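One chain follows as structure tokens, the form deposited in one PDB entry.
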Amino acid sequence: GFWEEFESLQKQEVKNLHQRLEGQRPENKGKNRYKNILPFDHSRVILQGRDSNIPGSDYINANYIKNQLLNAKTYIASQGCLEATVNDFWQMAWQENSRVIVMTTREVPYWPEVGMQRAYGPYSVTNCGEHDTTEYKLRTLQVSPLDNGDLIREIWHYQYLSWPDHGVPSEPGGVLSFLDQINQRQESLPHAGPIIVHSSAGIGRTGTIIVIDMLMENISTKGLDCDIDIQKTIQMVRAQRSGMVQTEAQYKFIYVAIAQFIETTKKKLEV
């Protein structure tokens, strides 16, 4: 009954076991969209090339996320940029060798318009084209260090357009198609660093997208015959960034999406 359930939930606490010192530093206050949504120190992304004598200079609100129930894909779960952290975001993308960025919100932009080139700190970003579907945009970005134009990286920016405010999509087909494109892209780049995924707080839509993708990967890799434990998968990612999958609606969407993924996959096999 109550005490058994309570005891179980207490077993799942992580914020008591993992500190969030860096994100709470006063010097980093302007770098968090929400003062109470912060990265665990242990898995945070540390920005390189910064001066430790500038308090907080290495900080970004983002964590590495791995499928740790297990060569699976790796991720970074990041909060969406503030005006003050756009350069930090590009520093993260560059240093991590990320070639795929997944943005789950509609429009602070951090890319130029098609055919245009802009500087973000030490980096140049060029928008080499945009291609749309009914639910998302794909922008092809080319990034280089400002001082070295001979060094160019193609970065594929996927922006989902139709996720409802304060809810989830009514059907999961759009997200499943979106993730299929993302997976194929990442798989085509064996040396690529983690896929960066972001949303306003970097936990709700972000955790939902990441968990669905990890489950699709488990299914593709281990088979339709494999055990799917969504609750366990969610807890495993929450130990890496607090609050991943934040709402009842998101939680239910994961089940709805994976159920449809399985059923469609099966139907295709049996045609």
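So that the term is clear: the rigid core is the largest set of C-alpha atoms that superpose within 1.5 Å between two forms. Note that residue numbering begins at 1 and tracks the sequence as displayed.
The following text describes the form deposited in another entry, which does not appear among the structures shown.
- Rigid-core fit between this form and the one not shown: of 145, 115, 173, 164, the one residue whose Cα shifts 2 angstroms or more is 164.
- Once both forms are fitted on their rigid core, the CA atom of residue 248 lies less than 2 Å apart between this form and the one not shown.
- With the core superposed, residue 17 shows a C-alpha displacement of at least 2 Å between this form and the one not shown.
- The rigid-core alignment places the CA of residue 132 2 Å or more apart between this form and the one not shown.
- In the other entry, the CA atoms of residue 15 and residue 47 move apart by 3 angstroms or more relative to this form.
- Shown here is a form in which the CA atoms of residue 21 and residue 15 lie at least 3 Å closer together than they do in the other entry.
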